Amino acid sequence: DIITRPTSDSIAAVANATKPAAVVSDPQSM
Amino acid sequence: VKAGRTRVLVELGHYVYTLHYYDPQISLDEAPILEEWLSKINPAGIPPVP
Amino acid sequence: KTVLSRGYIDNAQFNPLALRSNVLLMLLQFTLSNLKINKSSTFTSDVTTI
């Protein structure tokens, strides 16, 4: 077990807003 | 980078690192490990460096 | 079509001889619609790299 607590809701909301996809389908890799 | 045409320096102060032990007698390309590592990087955080 | 247009012009036209009055009334509605108090909200910081 370890001590851990949820972050403030406001911070979590804004953080989750800005999360771009790591891998995307690009038809070009040349 | 995978082709021998580019060299990249990533400036990290400190970071969590993990490592894998392989057999010297087995040929392999380690690109998939890095690609997996890249697949989980986002503006919020990063996984440990392999 | 606030005034001088009810049963005088077609549904697809606008009265060119009463333009000033209609514009004035439209602006008045625009003004009255914004009479508010800009209330504060919950400010917070972002742990994101951006």
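Residue numbers (the entry's author numbering), protein chains in the order written: chain m, 77 to 106; chain L, 1067 to 1116; chain C, 275 to 324. Here a beta-carbon is modelled for each residue, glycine too, at the ideal position from N, C-alpha and C.
The C-beta distance from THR83(m) to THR322(C) rounds to 12 Å, too long to meet the 8 Å contact threshold.
Shown here, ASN1108(L) sits in a strand according to DSSP, grouped into three states.
In the three-state scheme derived from DSSP, where H, G and I count as helix and E and B as strand, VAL1115(L) is classed as strand.
Boundaries of the alpha helix (DSSP H) harbouring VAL297(C): 293 to 307, taken from the DSSP string. Going by beta carbons, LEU301(C) and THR276(C) fall outside the 8 Å limit. Within 7 Å of the CB of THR94(m), the CB atoms of chain C belong to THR322, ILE324, in sequence order along the chain. In its chain, beyond the 5 residues on either side, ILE1112, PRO1114, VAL1115 have a beta carbon closer than 8 Å to the beta carbon of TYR1081(L). For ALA91(m), the chain C residues whose C-beta falls within less than 9 Å of its own C-beta are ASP320, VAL321, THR322, listed in chain order. Excluding five sequence positions before and after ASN308(C), none of the CB atoms of its chain fall closer than 6 Å to its own CB.
CA-to-CA, the gap between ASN312(C) and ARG294(C) works out to about 31 Å.
Closer than 8 Å to the CB of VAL99(m) there is at least one CB belonging to chain L.
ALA1069(L) and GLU1102(L) have their C-alpha atoms some 18 Å from each other. Contact residues of the region 1083 to 1111 of chain L toward chain C are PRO1109, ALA1110 (C-beta to C-beta distance below 8 Å).
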